[PDB]
2 protein chains.
Amino acid sequence: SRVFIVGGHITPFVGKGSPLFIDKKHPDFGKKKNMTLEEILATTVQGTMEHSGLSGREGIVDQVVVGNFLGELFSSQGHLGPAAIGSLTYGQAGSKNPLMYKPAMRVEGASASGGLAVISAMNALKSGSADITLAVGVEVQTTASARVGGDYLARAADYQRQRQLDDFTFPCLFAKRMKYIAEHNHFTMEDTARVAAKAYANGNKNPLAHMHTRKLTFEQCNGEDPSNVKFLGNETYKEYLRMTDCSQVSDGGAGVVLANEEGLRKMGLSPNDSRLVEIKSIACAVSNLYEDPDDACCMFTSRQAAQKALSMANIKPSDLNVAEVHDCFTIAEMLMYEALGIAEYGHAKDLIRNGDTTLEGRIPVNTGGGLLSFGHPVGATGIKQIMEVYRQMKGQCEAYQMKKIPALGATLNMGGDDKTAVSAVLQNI
Amino acid sequence: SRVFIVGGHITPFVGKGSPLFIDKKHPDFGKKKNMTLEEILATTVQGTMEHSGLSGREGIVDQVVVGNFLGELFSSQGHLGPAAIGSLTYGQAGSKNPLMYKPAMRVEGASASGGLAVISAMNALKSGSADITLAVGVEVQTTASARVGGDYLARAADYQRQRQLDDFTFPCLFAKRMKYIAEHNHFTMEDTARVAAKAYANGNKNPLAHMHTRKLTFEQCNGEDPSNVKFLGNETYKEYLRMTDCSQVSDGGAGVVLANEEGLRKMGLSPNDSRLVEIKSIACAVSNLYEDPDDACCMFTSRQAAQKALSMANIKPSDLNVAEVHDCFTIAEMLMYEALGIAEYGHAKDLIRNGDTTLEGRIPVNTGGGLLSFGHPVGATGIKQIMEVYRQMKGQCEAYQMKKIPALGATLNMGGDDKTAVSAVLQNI
Ligand SMILES: [Cl-]
Ligand SMILES: [Cl-]
């Protein structure tokens, strides 16, 4: 019935611009390779068990759900259920494996895949099938060029209808929102530069962040840097999107262990244990892939998911102390403030202008960098969000730790152009 | 907490060799096109609603789960949750849509993806979060060459480890089993020819079957036909697999509406309604993608799933009156009889030699053709299996209707080389 976060793990998120990423320019180029999807999933499953107190007793996990979007394209690998079952002892041939024969599957809803894993794992916990579940999200996207990656990520779009917009289909869909947003004075490209400045400043305090080592001023984020190019091909939307407005092409993983009251009891924990966080509610809303709303200024689907979650938890947005939102673009972060309801329609700009969502603000958002600086390994992201609220609640975030420990948090995870949304309310214990 | 099949729908399964498939050789070549994935999903969702009594009240469905393996490769399209949400009114611009904002997602575990959609839907029904769910499985595989297709289906294998075996990786993995099976006298290539003779004879009575129009004798299935080629490239395994031993590359869909007692109440039905079949149990077992058991003569994972399901429903294999099993190859059907437990280890051969699993036998299996003749649109298969037991129980199968209406049935759906398995026990009402 009730559901608890017992622990979890986030890998460093890596790609171009991280010193952890091996390219023709890294001391180990030709000597060592970046992790494969299998290696990331192994590290993520192992790390999750290690930081959840399950070492030696991994057999008490009832089910495993993997969130992943594009493994079949980037890594030529689907069927990650049995890859997850083999991840606890990966590379140790013939070893005993307590996860053998357990239920496992992959779920997918574009960049909401990790959020969907969490809900699926929660349904299992409330259904009689499971008392302890492991939800892991992983992605490897660095194995193709930027343009090829665009085409792959267009699988999140209505591909027949939208791939034609630009090779960078998904960035073009958000540039298209921005043109409409600017035409209705909803917010500006100066506002979106401010989101980016905050994300990179936050990421500079987060050693796991893809962009940890990159420092960017507001001025650079606002286009006073010749390398911050307007890179789209589509001439209708090109002027509305800069490089710094975009989430990173990252590899990484995140996992969480979730338990109901009987799972806690099996682990020797009581529901009042101060290492725990309760998932007070979770909700999913999905719209029509084939049709878009006219009002680009409103993410109606994300707004539905958040309102369902907040209502199920019996709280209002003003009760929230921290959030993680889906900043796949700076443009999206701004819309997410309004979808979540921490700003009224047309007032996200007030928040970003007054610093309310910065680390020292009254409602910090994406405290570790978001998709923009922390990075965006698609499948991992939904779970990374849950774990970031958890980490702030437990005082674990070091240089980006909030000074006032948050009592209530929310997540809002999105797939595609606001076509899938998953939202959770977390309560600190 | 109880779960009922209310109704469902299966499309014709189409591909090369069906008269319903449009190729340079069909009267409508150049005039009409085969369905796209979107069109198949539209037809399947609409048909499932229609045949389940939900037309005009589609809004009482709480959520949709889609099973699909390779859409992101064959159709450049992932994110099928929102595609499913737009499927009821697909092609009708701006129409009212009662499915808007409902939860939806895609699940995947290779050729067990449909079976996984059913389990996920059932978890929702038992957890408080749904009373009526739609589980739909769809696949389109006719959009690539055989060899490109082969590489795509290799996403079911451990791609790094196994892709090198043959361009037809997955077939080769079953040819490899057959070599070991022959070496241990477990069963013979005559036995596997007998499975195929049965599938095609059954398919000839099924107008939805991909191979409905193809008649094949035992002798042809046993290699007395020059066109029944041993097509593998790998010289170690080549001699152990004929064309007629393989499932079809098919396009199609299947859907089912599942409800709990409160769902039945909302639809105006009672749990004793003669249009219903109860799912007495369902189980999933997943093994290690990276490691294979020595004994090719046993599908351990599938055996685990079926034993779990039978045990949960409190029955034995001898109680079963009908079964649908995963005949991705003739070789697999034989192993499935032993995994399901209708034959003891080493005795599947007794069953196929005596006709026990034919339409007139005491335990008819794959009454409509199986994956071999009915066809294998990957994602649909797990749900087609459920709907075929349902159809036999309700007397709906016409020329392949069993003379004795079955009281108990079992499904066994498998992903990859026995790495994921889903098994259900159905009870006629
Ligand atoms: Cl996405
Ligand atoms: Cl498969």
# chains A, B, ... in the order shown; residues from 1 in each chain; ligands from 1
>>> residues_near_ligand(ligand="ligand 2", cutoff="6 Å", atoms="only C-alpha atoms and all ligand atoms", output="number ranges by chain")
B: 110-111, 156, 415-416
>>> write_last_selection(atoms="N, CA, C and O atoms", output="short mmCIF file (atom, residue, chain, number, x, y, z; two decimals), in the first residue's frame")
data_model
loop_
_atom_site.label_atom_id
_atom_site.label_comp_id
_atom_site.auth_asym_id
_atom_site.auth_seq_id
_atom_site.Cartn_x
_atom_site.Cartn_y
_atom_site.Cartn_z
N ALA B 110 11.43 -8.53 -26.10
CA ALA B 110 11.58 -9.31 -27.31
C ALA B 110 10.23 -9.95 -27.60
O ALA B 110 9.20 -9.25 -27.55
N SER B 111 10.19 -11.22 -27.97
CA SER B 111 8.94 -11.85 -28.41
C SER B 111 7.97 -12.16 -27.26
O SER B 111 6.85 -12.51 -27.51
N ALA B 156 17.16 -9.25 -29.74
CA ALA B 156 16.64 -10.20 -28.76
C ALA B 156 17.74 -11.02 -28.15
O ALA B 156 17.56 -11.54 -27.08
N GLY B 415 10.61 -14.77 -24.90
CA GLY B 415 11.44 -13.75 -25.50
C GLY B 415 12.86 -14.26 -25.62
O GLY B 415 13.41 -14.84 -24.68
N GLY B 416 13.43 -14.02 -26.79
CA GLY B 416 14.76 -14.49 -27.09
C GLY B 416 14.93 -15.99 -26.99
O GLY B 416 13.98 -16.79 -27.16
#
>>> residues_near_ligand(ligand="ligand 1", cutoff="9 Å", atoms="only C-alpha atoms and all ligand atoms", output="list in words")
residues 69, 109, 110, 111, 112, 113, 153, 154, 155, 156, 157, 170, 328, 378, 414, 415, 416, 417, 418, 419 and 420 of chain A; 79 of chain B
>>> interface_residues(of="chain A", to="chain B", cutoff="6 Å", atoms="only C-alpha atoms", output="JSON, numbers by chain")
{"A": [76, 77, 78, 79, 82, 83, 85, 86, 100, 101, 102, 103, 105, 106, 107, 108, 109, 110, 123, 124, 126, 127, 155, 156, 284, 285, 286, 287, 288, 289]}
>>> residues_around(residues="segment 266-282 of chain A", least_positions_apart="6", cutoff="6 Å", atoms="only C-alpha atoms", output="MDAnalysis selection string")
chainID A and resid 3:6 309 312:313 423:429
>>> write_last_selection(atoms="N, CA, C and O atoms", output="short mmCIF file (atom, residue, chain, number, x, y, z; two decimals), in the first residue's frame")
data_model
loop_
_atom_site.label_atom_id
_atom_site.label_comp_id
_atom_site.auth_asym_id
_atom_site.auth_seq_id
_atom_site.Cartn_x
_atom_site.Cartn_y
_atom_site.Cartn_z
N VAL A 3 4.50 3.39 -0.10
CA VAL A 3 5.71 3.11 -0.87
C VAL A 3 6.87 4.00 -0.43
O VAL A 3 6.71 5.22 -0.25
N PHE A 4 8.03 3.40 -0.26
CA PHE A 4 9.19 4.05 0.33
C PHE A 4 10.41 3.90 -0.56
O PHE A 4 10.62 2.83 -1.10
N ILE A 5 11.18 4.97 -0.69
CA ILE A 5 12.50 4.91 -1.28
C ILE A 5 13.45 4.43 -0.18
O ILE A 5 13.62 5.08 0.83
N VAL A 6 14.11 3.31 -0.42
CA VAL A 6 15.07 2.75 0.56
C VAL A 6 16.48 3.28 0.28
O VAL A 6 17.29 3.41 1.18
N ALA A 309 -1.02 14.14 -9.35
CA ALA A 309 -0.14 13.79 -8.24
C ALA A 309 -0.36 14.65 -6.99
O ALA A 309 -0.39 14.13 -5.85
N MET A 312 -3.66 13.80 -5.42
CA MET A 312 -3.59 12.51 -4.75
C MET A 312 -2.80 12.64 -3.45
O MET A 312 -3.12 11.97 -2.49
N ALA A 313 -1.80 13.51 -3.39
CA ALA A 313 -1.07 13.70 -2.13
C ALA A 313 -1.71 14.70 -1.21
O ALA A 313 -1.15 14.96 -0.13
N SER A 423 4.57 12.34 -12.77
CA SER A 423 4.81 13.25 -11.69
C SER A 423 4.64 12.54 -10.37
O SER A 423 3.70 11.78 -10.22
N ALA A 424 5.57 12.79 -9.44
CA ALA A 424 5.52 12.18 -8.07
C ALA A 424 5.65 13.25 -7.02
O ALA A 424 6.31 14.27 -7.23
N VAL A 425 4.99 13.03 -5.91
CA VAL A 425 5.13 13.82 -4.70
C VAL A 425 5.88 12.96 -3.68
O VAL A 425 5.47 11.82 -3.36
N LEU A 426 6.99 13.50 -3.21
CA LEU A 426 7.81 12.83 -2.21
C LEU A 426 7.71 13.56 -0.87
O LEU A 426 7.79 14.79 -0.79
N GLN A 427 7.64 12.79 0.21
CA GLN A 427 7.61 13.33 1.54
C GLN A 427 8.78 12.80 2.41
O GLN A 427 9.01 11.60 2.50
N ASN A 428 9.48 13.71 3.07
CA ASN A 428 10.69 13.36 3.81
C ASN A 428 10.24 12.70 5.09
O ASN A 428 9.14 12.96 5.58
N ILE A 429 11.07 11.77 5.57
CA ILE A 429 10.80 11.06 6.85
C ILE A 429 11.96 11.38 7.83
O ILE A 429 11.76 11.62 9.03
#
>>> residues_around(residues="residue 235 of chain A", least_positions_apart="3", cutoff="12 Å", atoms="only C-alpha atoms", output="list in words")
residues 165, 166, 172, 175, 176, 179, 230, 231, 232, 238, 239, 240 and 241 of chain A
>>> select_by_dssp(residues="segment 163-386 of chain A", states="strand (DSSP E)", output="number ranges by chain")
A: 252-259, 277-286, 322-325
>>> residues_around(residues="residue 360 of chain B", least_positions_apart="2", cutoff="12 Å", atoms="only C-alpha atoms", output="number ranges by chain")
B: 198, 202, 321-322, 354-358, 362-365, 367, 400-404
>>> write_last_selection(atoms="N, CA and C atoms", output="PDB file, in the first residue's frame")
ATOM      1  N   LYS B 198       1.374 -30.039 -38.686  1.00  0.00           N
ATOM      2  CA  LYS B 198       0.195 -29.696 -37.865  1.00  0.00           C
ATOM      3  C   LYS B 198      -0.144 -28.212 -37.956  1.00  0.00           C
ATOM      4  N   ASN B 202      -3.627 -26.687 -39.467  1.00  0.00           N
ATOM      5  CA  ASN B 202      -4.455 -25.811 -38.649  1.00  0.00           C
ATOM      6  C   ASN B 202      -4.677 -24.413 -39.277  1.00  0.00           C
ATOM      7  N   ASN B 321      -6.939 -28.329 -21.013  1.00  0.00           N
ATOM      8  CA  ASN B 321      -7.696 -28.744 -22.181  1.00  0.00           C
ATOM      9  C   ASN B 321      -7.233 -28.139 -23.501  1.00  0.00           C
ATOM     10  N   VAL B 322      -6.471 -27.036 -23.419  1.00  0.00           N
ATOM     11  CA  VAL B 322      -5.962 -26.359 -24.599  1.00  0.00           C
ATOM     12  C   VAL B 322      -4.702 -25.598 -24.172  1.00  0.00           C
ATOM     13  N   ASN B 354       1.995 -39.299 -31.614  1.00  0.00           N
ATOM     14  CA  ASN B 354       0.646 -39.820 -31.389  1.00  0.00           C
ATOM     15  C   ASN B 354      -0.487 -38.882 -31.744  1.00  0.00           C
ATOM     16  N   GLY B 355      -0.184 -37.639 -32.158  1.00  0.00           N
ATOM     17  CA  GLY B 355      -1.219 -36.667 -32.504  1.00  0.00           C
ATOM     18  C   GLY B 355      -1.929 -36.004 -31.328  1.00  0.00           C
ATOM     19  N   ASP B 356      -1.365 -36.130 -30.131  1.00  0.00           N
ATOM     20  CA  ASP B 356      -2.035 -35.619 -28.929  1.00  0.00           C
ATOM     21  C   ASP B 356      -2.299 -34.115 -28.902  1.00  0.00           C
ATOM     22  N   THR B 357      -1.531 -33.346 -29.690  1.00  0.00           N
ATOM     23  CA  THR B 357      -1.637 -31.902 -29.692  1.00  0.00           C
ATOM     24  C   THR B 357      -2.299 -31.381 -30.957  1.00  0.00           C
ATOM     25  N   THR B 358      -2.802 -32.303 -31.796  1.00  0.00           N
ATOM     26  CA  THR B 358      -3.603 -31.919 -32.980  1.00  0.00           C
ATOM     27  C   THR B 358      -4.969 -31.491 -32.503  1.00  0.00           C
ATOM     28  N   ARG B 362      -6.057 -35.055 -27.256  1.00  0.00           N
ATOM     29  CA  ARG B 362      -6.546 -34.735 -25.906  1.00  0.00           C
ATOM     30  C   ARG B 362      -6.043 -33.391 -25.399  1.00  0.00           C
ATOM     31  N   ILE B 363      -4.979 -32.826 -25.995  1.00  0.00           N
ATOM     32  CA  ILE B 363      -4.467 -31.494 -25.542  1.00  0.00           C
ATOM     33  C   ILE B 363      -4.059 -30.678 -26.768  1.00  0.00           C
ATOM     34  N   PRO B 364      -5.047 -30.131 -27.462  1.00  0.00           N
ATOM     35  CA  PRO B 364      -4.711 -29.384 -28.652  1.00  0.00           C
ATOM     36  C   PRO B 364      -3.831 -28.142 -28.337  1.00  0.00           C
ATOM     37  N   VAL B 365      -2.806 -27.912 -29.151  1.00  0.00           N
ATOM     38  CA  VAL B 365      -1.858 -26.788 -28.948  1.00  0.00           C
ATOM     39  C   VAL B 365      -1.819 -25.986 -30.233  1.00  0.00           C
ATOM     40  N   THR B 367      -3.986 -24.147 -32.012  1.00  0.00           N
ATOM     41  CA  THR B 367      -5.095 -24.623 -32.828  1.00  0.00           C
ATOM     42  C   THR B 367      -5.302 -23.855 -34.115  1.00  0.00           C
ATOM     43  N   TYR B 400     -11.631 -24.119 -37.178  1.00  0.00           N
ATOM     44  CA  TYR B 400     -10.685 -24.773 -36.251  1.00  0.00           C
ATOM     45  C   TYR B 400     -11.179 -24.814 -34.794  1.00  0.00           C
ATOM     46  N   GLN B 401     -12.471 -24.588 -34.609  1.00  0.00           N
ATOM     47  CA  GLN B 401     -13.068 -24.753 -33.289  1.00  0.00           C
ATOM     48  C   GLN B 401     -12.940 -26.186 -32.749  1.00  0.00           C
ATOM     49  N   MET B 402     -12.430 -26.308 -31.537  1.00  0.00           N
ATOM     50  CA  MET B 402     -12.397 -27.579 -30.842  1.00  0.00           C
ATOM     51  C   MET B 402     -13.827 -28.074 -30.585  1.00  0.00           C
ATOM     52  N   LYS B 403     -14.040 -29.383 -30.761  1.00  0.00           N
ATOM     53  CA  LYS B 403     -15.389 -29.964 -30.625  1.00  0.00           C
ATOM     54  C   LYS B 403     -15.820 -29.954 -29.167  1.00  0.00           C
ATOM     55  N   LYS B 404     -14.875 -30.181 -28.268  1.00  0.00           N
ATOM     56  CA  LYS B 404     -15.154 -30.082 -26.851  1.00  0.00           C
ATOM     57  C   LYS B 404     -14.661 -28.720 -26.336  1.00  0.00           C
TER      58      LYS B 404
END
>>> residues_around(residues="segment 387-390 of chain B", least_positions_apart="6", cutoff="7 Å", atoms="only C-alpha atoms", output="list in words")
residues 8, 277, 323 and 409 of chain B
